[PDB]
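*Asks:* Got a structure for you, questions after.
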Amino acid sequence: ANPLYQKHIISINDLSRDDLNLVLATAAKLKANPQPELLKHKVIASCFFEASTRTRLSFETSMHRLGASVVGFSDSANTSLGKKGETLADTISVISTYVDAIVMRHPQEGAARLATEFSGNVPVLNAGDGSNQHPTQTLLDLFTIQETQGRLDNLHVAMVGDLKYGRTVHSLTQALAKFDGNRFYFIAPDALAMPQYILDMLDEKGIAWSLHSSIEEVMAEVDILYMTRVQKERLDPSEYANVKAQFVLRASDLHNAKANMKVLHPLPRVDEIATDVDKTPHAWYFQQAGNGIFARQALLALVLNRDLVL
Amino acid sequence: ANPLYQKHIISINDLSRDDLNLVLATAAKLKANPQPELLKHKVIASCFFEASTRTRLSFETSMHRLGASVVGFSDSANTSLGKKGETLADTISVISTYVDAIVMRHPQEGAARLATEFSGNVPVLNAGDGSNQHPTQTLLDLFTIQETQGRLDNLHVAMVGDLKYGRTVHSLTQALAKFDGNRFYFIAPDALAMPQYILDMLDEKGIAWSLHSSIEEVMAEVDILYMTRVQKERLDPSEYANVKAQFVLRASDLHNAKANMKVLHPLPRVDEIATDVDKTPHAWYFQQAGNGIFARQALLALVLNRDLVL
Amino acid sequence: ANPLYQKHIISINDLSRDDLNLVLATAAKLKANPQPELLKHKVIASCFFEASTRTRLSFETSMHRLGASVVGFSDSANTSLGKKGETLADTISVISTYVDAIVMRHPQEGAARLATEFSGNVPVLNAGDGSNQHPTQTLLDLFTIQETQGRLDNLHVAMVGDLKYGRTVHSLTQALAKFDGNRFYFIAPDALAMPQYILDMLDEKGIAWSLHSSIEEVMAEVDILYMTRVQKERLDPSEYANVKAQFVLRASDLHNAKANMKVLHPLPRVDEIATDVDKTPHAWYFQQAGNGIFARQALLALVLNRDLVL
Amino acid sequence: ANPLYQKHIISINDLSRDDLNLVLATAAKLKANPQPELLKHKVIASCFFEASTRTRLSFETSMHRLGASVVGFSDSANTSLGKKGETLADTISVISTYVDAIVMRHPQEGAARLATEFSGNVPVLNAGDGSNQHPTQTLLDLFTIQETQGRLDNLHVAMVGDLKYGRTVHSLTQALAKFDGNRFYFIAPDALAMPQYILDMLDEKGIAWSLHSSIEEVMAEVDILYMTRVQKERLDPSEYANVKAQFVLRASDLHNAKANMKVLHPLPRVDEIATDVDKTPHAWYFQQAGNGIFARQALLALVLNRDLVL
Amino acid sequence: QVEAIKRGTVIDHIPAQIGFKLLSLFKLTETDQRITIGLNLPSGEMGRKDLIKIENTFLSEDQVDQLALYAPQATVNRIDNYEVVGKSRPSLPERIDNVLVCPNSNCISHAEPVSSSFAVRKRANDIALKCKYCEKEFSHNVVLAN
Amino acid sequence: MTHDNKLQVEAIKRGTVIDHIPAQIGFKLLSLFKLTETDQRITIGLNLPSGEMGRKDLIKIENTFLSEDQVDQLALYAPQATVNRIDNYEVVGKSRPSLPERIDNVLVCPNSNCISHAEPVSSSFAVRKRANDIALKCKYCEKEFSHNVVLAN
Ligand SMILES: Nc1ccn([C@@H]2O[C@H](COP(=O)(O)OP(=O)(O)OP(=O)(O)O)[C@@H](O)[C@H]2O)c(=O)n1
Ligand SMILES: Nc1ccn([C@@H]2O[C@H](COP(=O)(O)OP(=O)(O)OP(=O)(O)O)[C@@H](O)[C@H]2O)c(=O)n1
Ligand SMILES: [Zn+2]
Ligand SMILES: [Zn+2]
């Protein structure tokens, strides 16, 4: 039976290097020969207690591409749950009484791991829990670095944007720190800097990093430039505007990019990457989102299948 | 490969007579022998940025009757998209990264044709764009005129109701003007008259039409009586009431109808067609809605299939 | 007592030429020599069941410049009275035991006239009742026309915009038609034209009216230009934007107007009057809104005080 | 006339040391020997386009203790003016024909300064405009500092909390920097620290400031401790809860404070000041909120009355 | 003494005040080549006019027909060695891309990364312009007014 | 009338010549300071060869004399321009721009929450600190930004 069989994918900190490679090699195989009936007769719950369309449509398409049925809800705007004080332990004790895996997003951190204490043997896969984890976004980003760069080690990865509160850059720095010789360049407004617990883990593992203030200082050496959105309310209107709105990428800036460099953005991008970047070979944000299908498919294939045929 | 293969069905003005016949003969075949696995393994997105239940349940049942999977959202009341300024070019560049056709309704006119510039090769089929087009409503109406009348040319078609803002009567007059010898009778309150660009196209094609003030002036000669709803806010409460609420059909009025005459209404009907009309042989509004399934099925079969088996 | 003492002020239809001149006479008196303790110890109720803050502040400032007390409310999506179940008739029956006069604006027509049968000896003054009446707007419009032109007879008044649904333009035409020799020009989009009843009344009185298509064709002969706001809901966006080279006024258009020509507008003036008009001498909408204070002081003074010797 | 007679009160930046002392001088006079008929017959407008009931009740009570009339509104999700389409400039242009003074609080910065160009000879007094200014809060803070300490020069003032976004702490530092020899201690979380512009201004004036990490290290030397509320949205829950052993004040912390040390807070004080402080002699936030009455009486009295002999 | 040029385009008889529109709209200054422009040039010959001279650049076919909505009586002239090698009047085109806004405020062209595009139709008395997104048809006077 | 030519065109009688405009600022100035809404003959030369910048722009507006503060409004766009005023073919005056104290109308407050965006008021900024690099403070929201930033939004 494969290692991931019937596991809960709750946190990146819980997956080993080995675990991460396995998911990535299965994604590569399913992207190459489809397996449209692998999860035939499985029913999977898509519980989005917090609405997230991008993530939901992606997760359910990939459940659909392996042959599974989907039942579920998207809420934030009412869909009767927690109705009349019903706890989340209780909702999950009732949903696991009839679906074969629960995919869930929830506003509070810790909610997917609590689901785990009540779901019996139905695997729980986390699609986001407040400001804590989002594994399936890190799996798709990793898959995309690997497929475009050929490797996951010895990379020069720049992380540009709001690094203090960008929940995805924090997990991608932890995943990449599992591999060797990567070098990190953080480029953030002072108010939005990469927190200490990250930096402290990088130092302790002997991994190199450095802060720069503009992308021009580092463009030439860079393989993956991962942009994040600054949310305008983490700053006031005039802080955003005043001199910090210059963590914006444009085509002109890409001149000296290595031929292999790729630009990644978990999306919505709104300001930070100008529309003229789209026409360049380095724009890989949309192809990154399409890889969400294979990464996500691979996790559901590995978790529901004892043995995998390939 | 069939002409419609992998086309975007955005506007009626873009479909030829030939194109319209083809869709209608395929609807007739699928209504006669079902093809429940024709779109097996296709996943289709049902994006209703504006909610429309009638249209959505119809479109998804017909995707289900050809074997396809559906992922999608209905919004107007929040489902997290346009979240944080995300443009529609960007949402479509991400949805076409994983579904095989996009069906979409949107509040603004032009939105399905914009989707087309960003969807790559995934066909976009328009389920309504503001006050502009709704092809799939005109295809189902046409199918219903054809199946009940035996032809689409040489008809006497009366259009009764709010003709100024009824987006469906405007497209059905353009589609029917593709065919020969049809005669139009418009019966509208003065405030709700058939706009000039319509009349001007009919004149220029040498097609006959005329305005009448009551259905009794024309009942005897009529084959298709297409009723539209007046929306009470296009008029004030007392304008509606005062003498213009007499574009209402009742059983009594049908006395002298030809035996073949049919009453069509895209629905909700609320006032305009009295409940006693339902028991008559001429009431075809509900059977018109059921034909939405075959018209809609035919378009998805023609657009996703290179060659069709029949 | 004065003729209006203790009278109800509900429709412009109900005030004779003479009552209209009495009000206007008084209001010039109060403007000139103010009497701030005239309604000392009176308590007026400002029942706005429909919010209109401009009208509410004008009235409450009128109440306080005559030294009266004010209790009341407004109700955009809020506060209890009329409830749903609790009738307007019972609301009024209870409030007319507490106050000395009731100013009310309600969304349904005739609400003020219903009120009159429940307020006892307490006078009720209409501030707007659905699309029916708003007499205190007509009273300030005539006061501004009389104060700029010197008379209310023999005027060339142009009325422009939504003549079909501006309640103010319907009223101002009835009131100006009690005075003699007035000539009316109605420049409106033919979908939004003056109702046949205003016109049929005007021809029974022998009054002269003509309809025009753009202000530029009467600019030369006109005394009062009464712009109205075109209500874009009663229109299609494309319809709204289609009309000629519009019916909005700009200073360039004014280069032919007589020196005593004044542009009036009940406000808001989103679009139809450009800012450059504000600096010409013909602009008088803001001054018109200040005369709202003296017109409503006048009405309250005559209704609540037995005879007036100012 | 007095120097502030008919002046607009918009930014603390615009009032000289002398104007600040005049206001404070007057307010002690009105507190001592009240003059309840000073603005008899004046009508002030309380335009709160943004609700703040504490500030609104303080001002309207100031208006009524001087015998003035009040018309106006508040607008948490409600009442018509400013509309969307109707400009602030046209709202003010119309209201300044009705009243004698306008107090206004608006959510966008500079709204009060825009107003000033449209109110004619009518004075406008700012009650808050986005994150820019709130001069009547600074005026009562200085009145409380002058009334407890005896002077406004040579003070050791500690400012604590969200120094980056408290508009009140930015203002109070400008105003105290017009008086001489003041020494400032700023105890803030380094993510929420005093902007470089307050500090660069303070060094151009030669003023002494130092930054500290917890109140306990300056408790001993301090005269005024000005607590601010830490705004938990501009923070992560875990960040919010992480800081030291906090920057909240409790009586235990006060056991070293000088006898004349007073704790001030603009209010609300959810968390940062514990209830046991309320009973110590150093607590002065409630008394500070009562001085709000005498500071705003003073401003209104000097702006609307030509010279004052109390 | 003014500018005879060796090779380039000379747009002449621009109607007065269209002269600056055209530089803006057609983004003619975004070049390094010498441009010499004349505004409110004397034209006893045609009232008063404007004239742009742009060298070593030949603005053709499509680029010339665009200008017709604006300066419909403009004669473009190319030069390749010190004299007129071709005079070209603008004819109305079939499509006008980019420079024009849809009057329709509900049209999706307004909020999106889209280049505007209108189909042109000379309906005697005017040119109607049909938007490619809306499919709403307007008088060219309504669209150019804006 | 004097022997013009296009590498440095010649003589207008009476009027203003703004010369030594950096490349590509000339059109900017025409559109921004609305110089073109006049019936006078303007002659304009773009990307010309000259006095060492190599390549420059130049604007000639006959019969109009724009001065003292008009010339100063040109300063963060063309600080090294010269505004010659001409009368009867003689350069009777040579000005250069200096930093103004107020720059009305032309700029846009980068602060998305100030009220100036939505209304019939024109922009206004107070200018501070010459050439080591300029600060502009909005009249309305009183927020101070770096000129580099107001000059993009
Ligand atoms: N070496 C040259 C040759 C011609 N031109 C310009 O090319 C234009 C072409 O006009 P032309 O055919 O030479 O005589 P016109 O009668 O002025 O043309 P039109 O019939 O339009 O008036 C003239 O404005 C002239 O300035 C030029 O700048 N340089
Ligand atoms: N009647 C005149 C006289 C001069 N000029 C213009 O005036 C400008 C410069 O004035 P001038 O002092 O005469 O030449 P320079 O000494 O080169 O001026 P500078 O050194 O400041 O460039 C030249 O571009 C010239 O075209 C003009 O157009 N019309
Ligand atoms: Zn359009
Ligand atoms: Zn600003």
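Residues are named by chain letter and number: chains run A, B, ... in the order of the structure tokens, numbers start at 1 in each chain, and ligands are numbered from 1 in the order shown.
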Could I get the residue neighbourhood of ligand 1 at 8 Å, counting only C-alpha atoms and all ligand atoms, as a list in words?
*Replies:*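 Checking only C-alpha atoms and all ligand atoms against ligand 1 at 8 Å gives residues 3, 4, 5, 6, 7, 9, 10, 11, 12, 13, 45, 51, 53, 74, 75, 77, 78, 79, 81, 82, 83, 84 and 87 of chain E.
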*Asks:* Would you name the residues within 8 Å of ligand 2, counting only C-alpha atoms and all ligand atoms, and put them as a list in words?
*Replies:*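 Checking only C-alpha atoms and all ligand atoms against ligand 2 at 8 Å gives residues 2, 4, 8, 9, 10, 11, 12, 13, 14, 16, 17, 18, 19, 20, 51, 58, 60, 82, 84, 85, 86, 87, 88, 89, 90, 91 and 94 of chain F.
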*Asks:* Keeping only N, CA and C atoms, write the selected residues to a file as a PDB file, in the first residue's frame.
*Replies:*
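File part.pdb, as written:
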```pdb
ATOM      1  N   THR F   2      12.144  84.725 -41.267  1.00  0.00           N
ATOM      2  CA  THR F   2      13.608  84.518 -41.285  1.00  0.00           C
ATOM      3  C   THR F   2      13.829  82.993 -41.469  1.00  0.00           C
ATOM      4  N   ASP F   4      14.034  79.806 -41.699  1.00  0.00           N
ATOM      5  CA  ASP F   4      13.717  78.788 -40.727  1.00  0.00           C
ATOM      6  C   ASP F   4      14.639  77.560 -40.653  1.00  0.00           C
ATOM      7  N   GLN F   8      16.791  73.487 -36.358  1.00  0.00           N
ATOM      8  CA  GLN F   8      16.601  74.578 -35.418  1.00  0.00           C
ATOM      9  C   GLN F   8      15.873  75.580 -36.292  1.00  0.00           C
ATOM     10  N   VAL F   9      14.529  75.524 -36.257  1.00  0.00           N
ATOM     11  CA  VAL F   9      13.651  76.347 -37.108  1.00  0.00           C
ATOM     12  C   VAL F   9      13.767  77.844 -36.774  1.00  0.00           C
ATOM     13  N   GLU F  10      13.378  78.790 -37.635  1.00  0.00           N
ATOM     14  CA  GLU F  10      13.591  80.184 -37.306  1.00  0.00           C
ATOM     15  C   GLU F  10      12.319  81.016 -37.304  1.00  0.00           C
ATOM     16  N   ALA F  11      12.614  82.144 -36.653  1.00  0.00           N
ATOM     17  CA  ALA F  11      11.776  83.289 -36.365  1.00  0.00           C
ATOM     18  C   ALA F  11      10.287  83.477 -36.537  1.00  0.00           C
ATOM     19  N   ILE F  12       9.708  83.607 -35.339  1.00  0.00           N
ATOM     20  CA  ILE F  12       8.317  83.996 -35.207  1.00  0.00           C
ATOM     21  C   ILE F  12       8.406  85.486 -34.928  1.00  0.00           C
ATOM     22  N   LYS F  13       7.431  86.311 -35.320  1.00  0.00           N
ATOM     23  CA  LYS F  13       7.491  87.652 -34.772  1.00  0.00           C
ATOM     24  C   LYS F  13       6.401  87.678 -33.729  1.00  0.00           C
ATOM     25  N   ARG F  14       6.987  88.041 -32.565  1.00  0.00           N
ATOM     26  CA  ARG F  14       6.299  88.312 -31.307  1.00  0.00           C
ATOM     27  C   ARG F  14       5.741  87.026 -30.723  1.00  0.00           C
ATOM     28  N   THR F  16       6.255  83.420 -27.731  1.00  0.00           N
ATOM     29  CA  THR F  16       7.124  82.679 -26.850  1.00  0.00           C
ATOM     30  C   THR F  16       7.700  81.461 -27.511  1.00  0.00           C
ATOM     31  N   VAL F  17       8.944  81.127 -27.187  1.00  0.00           N
ATOM     32  CA  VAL F  17       9.639  79.939 -27.652  1.00  0.00           C
ATOM     33  C   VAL F  17      10.162  79.266 -26.391  1.00  0.00           C
ATOM     34  N   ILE F  18       9.755  78.039 -26.130  1.00  0.00           N
ATOM     35  CA  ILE F  18      10.210  77.282 -24.996  1.00  0.00           C
ATOM     36  C   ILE F  18      11.207  76.369 -25.666  1.00  0.00           C
ATOM     37  N   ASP F  19      12.485  76.518 -25.418  1.00  0.00           N
ATOM     38  CA  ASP F  19      13.487  75.682 -26.050  1.00  0.00           C
ATOM     39  C   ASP F  19      14.205  74.861 -24.977  1.00  0.00           C
ATOM     40  N   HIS F  20      14.964  73.827 -25.348  1.00  0.00           N
ATOM     41  CA  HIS F  20      15.721  72.946 -24.470  1.00  0.00           C
ATOM     42  C   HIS F  20      14.879  72.142 -23.507  1.00  0.00           C
ATOM     43  N   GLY F  51      22.241  71.983 -29.075  1.00  0.00           N
ATOM     44  CA  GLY F  51      22.930  72.425 -27.860  1.00  0.00           C
ATOM     45  C   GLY F  51      22.861  71.298 -26.855  1.00  0.00           C
ATOM     46  N   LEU F  58      10.937  71.597 -28.900  1.00  0.00           N
ATOM     47  CA  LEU F  58      10.812  73.042 -28.857  1.00  0.00           C
ATOM     48  C   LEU F  58       9.400  73.401 -29.266  1.00  0.00           C
ATOM     49  N   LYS F  60       6.795  76.834 -30.236  1.00  0.00           N
ATOM     50  CA  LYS F  60       6.724  78.251 -30.566  1.00  0.00           C
ATOM     51  C   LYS F  60       5.265  78.712 -30.659  1.00  0.00           C
ATOM     52  N   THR F  82      14.332  77.017 -21.584  1.00  0.00           N
ATOM     53  CA  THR F  82      14.542  78.450 -21.567  1.00  0.00           C
ATOM     54  C   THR F  82      13.271  79.006 -22.233  1.00  0.00           C
ATOM     55  N   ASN F  84      12.055  82.036 -24.054  1.00  0.00           N
ATOM     56  CA  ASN F  84      12.467  83.247 -24.701  1.00  0.00           C
ATOM     57  C   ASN F  84      11.197  83.933 -25.075  1.00  0.00           C
ATOM     58  N   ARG F  85      11.156  85.224 -24.866  1.00  0.00           N
ATOM     59  CA  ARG F  85      10.012  85.983 -25.269  1.00  0.00           C
ATOM     60  C   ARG F  85      10.596  86.955 -26.291  1.00  0.00           C
ATOM     61  N   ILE F  86       9.857  86.965 -27.371  1.00  0.00           N
ATOM     62  CA  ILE F  86      10.244  87.579 -28.614  1.00  0.00           C
ATOM     63  C   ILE F  86       9.329  88.727 -28.979  1.00  0.00           C
ATOM     64  N   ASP F  87       9.914  89.800 -29.460  1.00  0.00           N
ATOM     65  CA  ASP F  87       9.125  90.933 -29.892  1.00  0.00           C
ATOM     66  C   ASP F  87       9.908  91.563 -31.024  1.00  0.00           C
ATOM     67  N   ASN F  88       9.203  91.698 -32.156  1.00  0.00           N
ATOM     68  CA  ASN F  88       9.745  92.241 -33.406  1.00  0.00           C
ATOM     69  C   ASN F  88      11.071  91.546 -33.767  1.00  0.00           C
ATOM     70  N   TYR F  89      10.996  90.208 -33.854  1.00  0.00           N
ATOM     71  CA  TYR F  89      12.121  89.279 -34.084  1.00  0.00           C
ATOM     72  C   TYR F  89      13.339  89.327 -33.133  1.00  0.00           C
ATOM     73  N   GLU F  90      13.229  90.038 -31.990  1.00  0.00           N
ATOM     74  CA  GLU F  90      14.309  90.096 -31.026  1.00  0.00           C
ATOM     75  C   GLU F  90      13.877  89.416 -29.731  1.00  0.00           C
ATOM     76  N   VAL F  91      14.797  88.593 -29.223  1.00  0.00           N
ATOM     77  CA  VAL F  91      14.668  87.899 -27.953  1.00  0.00           C
ATOM     78  C   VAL F  91      14.840  88.954 -26.876  1.00  0.00           C
ATOM     79  N   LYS F  94      14.797  86.169 -21.590  1.00  0.00           N
ATOM     80  CA  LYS F  94      15.212  84.790 -21.431  1.00  0.00           C
ATOM     81  C   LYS F  94      14.955  84.310 -19.996  1.00  0.00           C
TER      82      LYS F  94
END
```
*Asks:* Out of C:80, C:116, C:53, C:238, which residue has the shortest atom-to-atom distance to ligand 3 when counting only C-alpha atoms and all ligand atoms?
*Replies:*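 Of C:80, C:116, C:53, C:238, the one nearest ligand 3, counting only C-alpha atoms and all ligand atoms, is C:238.
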*Asks:* List all protein, DNA and RNA residues that have any atom at most 7 Å from ligand 3, counting only C-alpha atoms and all ligand atoms, and write the list as a list in words.
*Replies:*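 The distance check yields residues 110 of chain B; 102, 103, 104, 107, 108, 109, 131, 132, 133, 134, 135 and 136 of chain E.
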*Asks:* Could those residues be written to a file, using C-alpha atoms, as a compact mmCIF listing (two decimals), in the first residue's frame?
*Replies:*
```
# COMPACT_ATOMS: atom_id res chain seq x y z
CA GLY B 110 -20.39 41.72 -24.32
CA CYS E 102 -18.35 52.45 -26.20
CA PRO E 103 -21.10 54.95 -25.04
CA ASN E 104 -22.75 52.01 -23.37
CA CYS E 107 -20.59 47.35 -21.94
CA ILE E 108 -17.87 45.08 -20.64
CA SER E 109 -15.19 47.09 -22.65
CA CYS E 131 -19.56 47.83 -30.82
CA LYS E 132 -18.06 44.42 -31.13
CA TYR E 133 -18.87 43.49 -27.47
CA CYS E 134 -22.29 44.97 -26.81
CA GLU E 135 -23.35 44.74 -30.40
CA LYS E 136 -25.07 48.02 -29.69
```
*Asks:* Residues contacting ligand 4 - anything with an atom at most 12 Å away, using only C-alpha atoms and all ligand atoms - can you give me those as a PyMOL selection string?
*Replies:* (chain A and resi 237-238+241-242) or (chain D and resi 108-111+113-114+129-132) or (chain F and resi 107-119+121-126+136-145+150)
*Asks:* When you count only C-alpha atoms, which of these residues is closest to chain A: B:95, B:10, B:22, B:142?
*Replies:*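 Selected residue with least distance to chain A: B:95.
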*Asks:* Rounded to one decimal, what separation in Å do you get between atom CA of residue 96 of chain D and atom CA of residue 122 of chain D?
*Replies:*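 These atoms are spaced 6.1 Å apart.
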*Asks:* Any chance you could list, as number ranges by chain, the residues in segment 5-134 of chain F that come up helix (DSSP H, G or I) when DSSP is run on the backbone?
*Replies:* F: 26-32, 69-73
*Asks:* With a distance cut-off of 7 Å and only C-alpha atoms, select the neighbouring residues of segment 14-16 of chain E, excluding the residue or stretch itself and same-chain residues fewer than 5 positions from it, and output the selection as a PyMOL selection string.
*Replies:* chain E and resi 40+48-51+71+74
*Asks:* Limited to C-alpha atoms, could you put the picked residues into a file as a PDB file, in the first residue's frame?
*Replies:*
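Written output follows (again-v7.pdb):
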```pdb
ATOM      1  CA  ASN E  40      -3.595  77.187 -36.736  1.00  0.00           C
ATOM      2  CA  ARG E  48      -7.219  77.531 -41.279  1.00  0.00           C
ATOM      3  CA  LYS E  49      -5.525  74.211 -40.803  1.00  0.00           C
ATOM      4  CA  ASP E  50      -2.969  72.037 -39.097  1.00  0.00           C
ATOM      5  CA  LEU E  51      -0.158  69.926 -40.605  1.00  0.00           C
ATOM      6  CA  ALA E  71      -9.892  64.743 -40.554  1.00  0.00           C
ATOM      7  CA  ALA E  74      -6.781  65.344 -45.127  1.00  0.00           C
TER       8      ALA E  74
END
```
*Asks:* Could you name the residues that touch residue 89 of chain D at 8 Å or less, counting only C-alpha atoms, but leaving out those on the same chain fewer than 2 positions away, as a PyMOL selection string?
*Replies:* (chain D and resi 87+91-93+114-115+118) or (chain F and resi 119-120)
*Asks:* Please find the residues of chain A near chain F - the criterion being any atom within 12 Å, counting only C-alpha atoms - and write them as number ranges by chain.
*Replies:* A: 232-233, 235-246, 271
*Asks:* Using only C-alpha atoms, find the residues of chain E whose closest atom to chain A is at most 12 Å away, then write them as a VMD selection string.
*Replies:* chain E and resid 112 to 114
*Asks:* Skip residue 139 of chain E itself and residues of its chain fewer than 3 positions away, then list as a list in words all residues within 9 Å of it, counting only C-alpha atoms.
*Replies:*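 The residues satisfying every condition are residues 242 and 244 of chain C; 126, 127, 128, 129, 130, 142, 143 and 144 of chain E.
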*Asks:* Emit the selected residues as an mmCIF file, in the first residue's frame, including N, CA and C atoms.
*Replies:*
```cif
data_model
loop_
_atom_site.group_PDB
_atom_site.id
_atom_site.type_symbol
_atom_site.label_atom_id
_atom_site.label_comp_id
_atom_site.auth_asym_id
_atom_site.auth_seq_id
_atom_site.Cartn_x
_atom_site.Cartn_y
_atom_site.Cartn_z
ATOM 1 N N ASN C 242 -28.142 57.506 -25.991
ATOM 2 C CA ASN C 242 -28.311 57.681 -27.421
ATOM 3 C C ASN C 242 -28.811 59.038 -27.853
ATOM 4 N N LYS C 244 -29.632 62.265 -29.151
ATOM 5 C CA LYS C 244 -29.195 63.411 -29.992
ATOM 6 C C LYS C 244 -27.681 63.804 -29.952
ATOM 7 N N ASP E 126 -25.266 59.801 -41.744
ATOM 8 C CA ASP E 126 -24.253 59.461 -40.757
ATOM 9 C C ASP E 126 -23.562 58.117 -40.983
ATOM 10 N N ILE E 127 -22.679 57.861 -40.043
ATOM 11 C CA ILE E 127 -21.924 56.652 -39.947
ATOM 12 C C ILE E 127 -22.476 56.055 -38.676
ATOM 13 N N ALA E 128 -23.034 54.868 -38.684
ATOM 14 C CA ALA E 128 -23.324 54.215 -37.426
ATOM 15 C C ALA E 128 -22.083 53.370 -37.088
ATOM 16 N N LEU E 129 -21.840 53.188 -35.775
ATOM 17 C CA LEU E 129 -20.715 52.442 -35.224
ATOM 18 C C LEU E 129 -21.269 51.401 -34.265
ATOM 19 N N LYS E 130 -21.082 50.141 -34.626
ATOM 20 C CA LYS E 130 -21.608 49.040 -33.831
ATOM 21 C C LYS E 130 -20.449 48.461 -33.020
ATOM 22 N N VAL E 142 -22.677 60.383 -31.485
ATOM 23 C CA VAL E 142 -22.751 60.015 -30.077
ATOM 24 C C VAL E 142 -21.402 59.431 -29.635
ATOM 25 N N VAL E 143 -20.666 58.661 -30.440
ATOM 26 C CA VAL E 143 -19.481 58.022 -29.913
ATOM 27 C C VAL E 143 -18.304 58.952 -29.829
ATOM 28 N N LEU E 144 -18.198 59.827 -30.833
ATOM 29 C CA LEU E 144 -17.113 60.799 -30.835
ATOM 30 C C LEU E 144 -17.267 61.913 -29.811
#
```
*Asks:* Apply DSSP to the structure's backbone, then extract all residues of segment 22-71 of chain A labelled strand (DSSP E or B) and return them as a list in words.
*Replies:*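 For segment 22-71 of chain A, the strand (DSSP E or B) set is residues 43, 44, 45, 46, 47, 48, 69, 70 and 71 of chain A.
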*Asks:* Select all residues from chain E having any atom no more than 12 Å from an atom of chain F (counting only C-alpha atoms, ignoring ligands), output as a VMD selection string.
*Replies:* chain E and resid 1 to 6 16 to 21 23 to 25 27 to 43 48 to 55
*Asks:* Nearest to chain B among C:290, C:268, C:281, C:189, with distances taken over only C-alpha atoms: which residue is it?
*Replies:*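 Ranked by minimum distance to chain B, first place goes to C:189.
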